[PDB]
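For reference, the chain that follows is the form deposited in one PDB entry, supplied as C-alpha cells.
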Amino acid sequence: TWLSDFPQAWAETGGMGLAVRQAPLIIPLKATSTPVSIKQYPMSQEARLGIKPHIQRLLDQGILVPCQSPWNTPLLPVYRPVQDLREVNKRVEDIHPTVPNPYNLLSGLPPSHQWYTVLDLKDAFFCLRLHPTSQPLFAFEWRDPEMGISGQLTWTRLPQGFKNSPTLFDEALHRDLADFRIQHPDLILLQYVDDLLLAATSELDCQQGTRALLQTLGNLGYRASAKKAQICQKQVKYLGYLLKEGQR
C-alpha cells in the first residue's frame, strides 16, 4: 500500500509541508518602488463568513500572521480568499521565466519510458518560507466585527497571486530534486511547478523510482496528493494530456 509505506509524503497523512532545505525567500523590488496601500473594499458578511474558516486555519498553521505594514492589497469581496496582488506585482523586480511550457517539457519524454507516475504537490507555494523582510509586501486587512485581530495579516510563505510564485517554486523544487535525478540516471522526471511526471522503462523501475521519489519528497518537506496520485500506470493524465504508450 503506497499510502501506508510513505505517510510523510502524502498531504493526507503527513501534515502541512515546509521545504526545510530552502532558505526563506527574499523578494527584490524594482529600483523606484515605494509601498502601496490599497484600501479594502467593503466585504459582505456572507463573504467574510465564507472566508473566515480559511483565515483561521492559516493563522493556526502559522502561514498567516498579524502585522503592521505600509503595504496593503485587497481580498476579493466575492468561499476561499483571493488576494489582488497586481499592484504589488507591478512593483516587484522581474525574473527570467524559467518554467518550460508543457509542450516543450513533454518533448523530453522518450518512447523508451512508457511506465508513468504522476504526482501533484498540495499547497506547494505554502511549503516555501518567505523571509521576514519580504513578508510586509503581501499584507491585507482582516477585521472580525465581533472582536477580531489587530488589523492586517500577511503571509510567512510564498503566496498565491504573486507573479513570481510559480517560477520560484519550480526553481526551488529543482534544487531539492537535483540529487534524486543524479541517483536515478535511468528515470525521466518532468517538473511543471507542482505537477510531476516520473517515467521508467519497466513497471519495476517505476515502482522503485516512485518509492524513492515519495520518500525524497516527504523528507524534503513536500506533500503530494494521495487522492489524485496516478502510480505506475501505462496511461496517465498530465498537464491536460493523456499520456498513453509514448503518444503525446
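Counting begins at 1, following the sequence as shown. Under this definition, the rigid core comprises the largest set of C-alpha atoms superposing within 1.5 Å between the forms.
This protein has a second form, the form deposited in another entry, left out of what is shown; the following refers to that one.
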Shift test between this form and the one not shown (rigid core reference, C-alpha, 2 Å or more cutoff) over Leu121, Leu177, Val99, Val92 hits only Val99
Taking the rigid core as the frame, does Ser44 move its C-alpha by 2 Å or more between this form and the one not shown?
yes
Indicate whether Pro132 shows a C-alpha shift of 2 Å or more between this form and the one not shown, with the rigid core used for the fit.
no
Quick read on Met147 and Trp155 CA atoms in the other form, 3 Å or more from the shown distance, and they're closer
Taking the shown form as reference, the Cα pair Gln160 and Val99 shifts by 3 Å or more in the other form and sits farther
